[PDB]
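Residue numbers for the sequence shown follow PDB author numbering, so the first one is 10 and each next one is one higher.
We treat Cβ as the ideally placed atom computed from N, Cα and C, and that holds for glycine.
Have a look at the structure below, then the notes.
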Amino acid sequence: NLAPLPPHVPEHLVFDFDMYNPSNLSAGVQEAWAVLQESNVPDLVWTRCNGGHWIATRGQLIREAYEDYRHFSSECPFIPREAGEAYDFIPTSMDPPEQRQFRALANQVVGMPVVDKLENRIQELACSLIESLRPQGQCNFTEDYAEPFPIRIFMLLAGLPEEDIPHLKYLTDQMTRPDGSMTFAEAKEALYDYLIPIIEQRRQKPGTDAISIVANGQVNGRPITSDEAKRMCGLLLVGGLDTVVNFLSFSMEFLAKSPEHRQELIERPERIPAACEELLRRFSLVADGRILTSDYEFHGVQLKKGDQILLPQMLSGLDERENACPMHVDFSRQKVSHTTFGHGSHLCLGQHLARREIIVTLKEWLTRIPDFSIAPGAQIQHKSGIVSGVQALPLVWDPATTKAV
Ligand code: HEM
Ligand SMILES: CC1(C)[C@@H]2CC[C@@]1(C)C(=O)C2
Ligand SMILES: [K+]
């Protein structure tokens with residue numbers, strides 16, 4: 010249902026897009042969001058769905074807003090408003106200047122040098138999973154690879170038992186694509202319930218896992234509090250359990266449907282890093298936003314203090330004003346413009362981990378299973394939310410065409 014239009018919002022800018030269930034979802038989630046960029050549609054629209062909020066539809070406005078933290082605060086970054094208000098993860102719920110000391114701590118646990126440390130175990134895991142699947146001639150890609158591969162890497166980094174995944178994965182999903190059984194506040198409270206005793210424990214007896222590092226850490230040279238450590242560790246869990254997991258399934262679905270693209274990467278595997286970046290553009294998948302700190306005129310539209318504005322990271326690279334023929338995947342694309350990992354001071358801290366996981370996946374999969382397709386008859390369904398994903402991805406191949414390494 011539709012929230013009554015506020016007096017300040019002009020009627021001609023109303024476009025009732027539902028970020029948790031977009032109209033055109035059956036055509037693909039990126040396609041469904043791209044309807045906001047059809048010729049009829051202003052650069053900035055108001056939807057009455059999900060309590061009512063602005064949506065910037067073009068990369069120019071999305072970038073500008075993400076740069077301007079004085080007008081567009083990350084204190085309430087999720088729609089609906091109750092989710093945004095409850096949202097308190099660190100660093101994302103904080104604006105500069107105080108945000109920054111916390112980013113620096115987070116970088117000690119997910120930064121380039123840590124990923125270099127993880128490199129061999131990331132490869133080993135990719136390979137053990139793929140080799141196991143290779144002979145079977147089929148898989149449920151979401152559950153058999155996309156989920157276990159990035160998630161087990163995160164649980165290893167965090168020093169958490171793998172048997173805790175189904176519970177944590179359920180909770181993180183309720184924050185990004187809720188099935189209605191939990192509010193965001195409830196899911197958050199449960200993630201923190203899980204974390205609290207582990208944080209206390211690791212402050213007492215420090216290990217070398219990510220939770221210990223964060224929990225015993227300093228920010229601008231003063232000790233982090235247990236509450237700060239919990240708000241940072243929660244976010245890290247979310248990043249680990251619901252980002253790359255979804256992205257891998259979009260990419261593999263595309264490769265399953267497009268032999269010429271796989272052929273290109275089999276014939277020339279040096280192109281894989283560039284292909285990674287182009288898939289990160291075409292199959293971009295995050296959309297969160299900001300809250301207005303004051304009344305502010307933006308691109309000829311009056312915004313009011315407290316208005317929420319969705320700034321979909323997904324849309325920038327799909328914008329035909331950033332990338333010609335945006336829905337086409339071109340591994341040779343000369344200037345791959347996107348905001349897939351965000352923009353401004355909250356630029357994704359996990360992006361180095363994410364690119365390593367994706368590139369290792371592409372290399373190792375195509376090396377063993379170069380020819381595969383979607384199970385015949387399977388109608389692939391996407392799902393939309395703060396992070397979008399794929400419900401299920403049944404794949405099939407002829408074992409005879411595979412190669413053990
Ligand atoms: C394909 C994978 C990924 C995508 C597309 C993605 C995207 C994003 C986006 C758009 C933001 C900015 C949100 C905002 O401005 O409100 C962000 C921030 C963040 N990301 Fe990622 N991310 C991914 C992977 C990961 C991973 C694997 C981790 C951790 C293991 C992670 C950790 C974080 C953290 C801690 C921040 C907050 C930075 C801040 O608020 O200063 N990311 N990411
Ligand atoms: C929007 C995000 C992808 C980014 C990292 C996890 C996530 C859901 C957040 O709350 C911040
Ligand atoms: K908040």
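- Among the bridge pairs identified by DSSP, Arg231 is matched with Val228.
- The nearest non-hydrogen atom of ligand 1 is 7 Å or more from the C-beta of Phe381.
- Ranked by how close their Cα comes to the Cα of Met241, the residues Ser260, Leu264, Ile205, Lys344 have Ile205 in first place.
- With a threshold of 7 Å, the Cβ atom of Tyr96 counts as near ligand 3, since some heavy atom of the ligand is closer than that.
- For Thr252, the Cβ falls inside the 7 Å cut-off from some heavy atom of ligand 2.
- Taking a cut-off of 8 Å on C-beta distances, the segment 341–360 does not touch the segment 228–243, as fewer than three cross pairs fall below it.
- Distance from the CA of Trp63 to the CA of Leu264, rounded to the nearest whole angstrom, comes to 34 Å.
- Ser346 is positioned such that its CB atom lies closer than 8 Å to that of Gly326.
- Looking at the DSSP output, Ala284 sits in no beta bridge, so it has no partner there.
- Fully enclosed alpha helix (DSSP H) runs of no fewer than 4 residues occupy 174–185, 193–213, 219–224 of the segment 166–224, in order along the chain.
- Residues close to ligand 2 by the beta carbon criterion (under 5 Å to any non-hydrogen atom) are, from first to last along the chain, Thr101, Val247, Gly248, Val295, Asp297.
- Listed in chain order, the non-local C-beta contacts of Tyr96 below 8 Å within the same chain comprise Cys85, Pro86, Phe87, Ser102, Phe193, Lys197, local neighbours out to five positions each way being set aside.
- If only complete runs of 4 or more residues are kept, the segment 34–82 shows the alpha helix (DSSP H) at 38–43, 68–76, in order along the chain.
- With a cutoff of 8 Å on beta-carbon distance, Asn149 and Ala401 are scored as near each other.
- Judged by their CB atoms, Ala65 and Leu250 are not nearer to each other than the 8 Å cut-off.
- Per DSSP, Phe111 is not a residue of any beta strand (DSSP E); the alpha helix (DSSP H) it occupies stretches across 108–119.
- By the beta-carbon neighbour count (other beta carbons within 10 angstroms, threshold 16), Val414 is exposed.
- With 16 or more other CB atoms across the displayed protein chains lying within 10 angstroms of its CB, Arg342 is buried.
- A contact between stretches requires three or more CB pairs, one per stretch, nearer than 8 Å, and the segment 288–299 fails this requirement with the segment 44–54.
- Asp297 sits in a strand when the DSSP states are folded into three classes.
- Taking one beta carbon from each stretch, the segment 388–406 and the segment 299–314 have fewer than 3 pairs nearer than 8 Å; the two do not touch.
- Scanning its chain for C-beta atoms nearer than 8 Å, with the 5 sequence neighbours on each side dropped, one finds around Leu22 the residues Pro51, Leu53, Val54, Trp55, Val310, in chain order.
- In this structure, the alpha-carbon of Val123 lies about 12 Å from that of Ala167.
- Pairing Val119 with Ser397 gives a Cβ-Cβ distance that is not under 8 Å.
- Relative to ligand 3, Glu84 has its C-beta within less than 7 Å of a heavy atom.
- With a beta-carbon spacing of about 35 Å, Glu366 and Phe24 fall beyond the 8 Å limit used to define contacts.
- Within 7 Å of the C-beta of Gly93 there is at least one heavy atom belonging to ligand 3.
- Every beta strand (DSSP E) stretch that sits fully inside the segment 288–352 and reaches 3 residues is listed by chain position as 297–301, 305–307, 310–312, 317–320.
- Its Cα nearest to that of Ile281, the residue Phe340 stands out among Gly216, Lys266, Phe340.
- Burial state of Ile275 is exposed, judged by a 10 Å Cβ sphere holding fewer than 16 other Cβ atoms.
- Here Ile139 carries a helix assignment [DSSP, helix/strand/coil].
- Within the same chain, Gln311, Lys313 come within 8 Å of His17 by CB-CB distance, once the 5 residues on both sides are set aside.
- Residue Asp27 holds the alpha-carbon nearest to the alpha-carbon of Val44 among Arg57, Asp27, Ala384, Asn59.
- Proximity of the beta carbon of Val54 to ligand 1 is not indicated: no heavy atom of the ligand is located closer than 7 Å.
- Boundaries of the alpha helix (DSSP H) harbouring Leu257: 253–266, taken from the DSSP string.
- Not a single heavy atom of ligand 1 lies less than 7 Å from the C-beta of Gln39.
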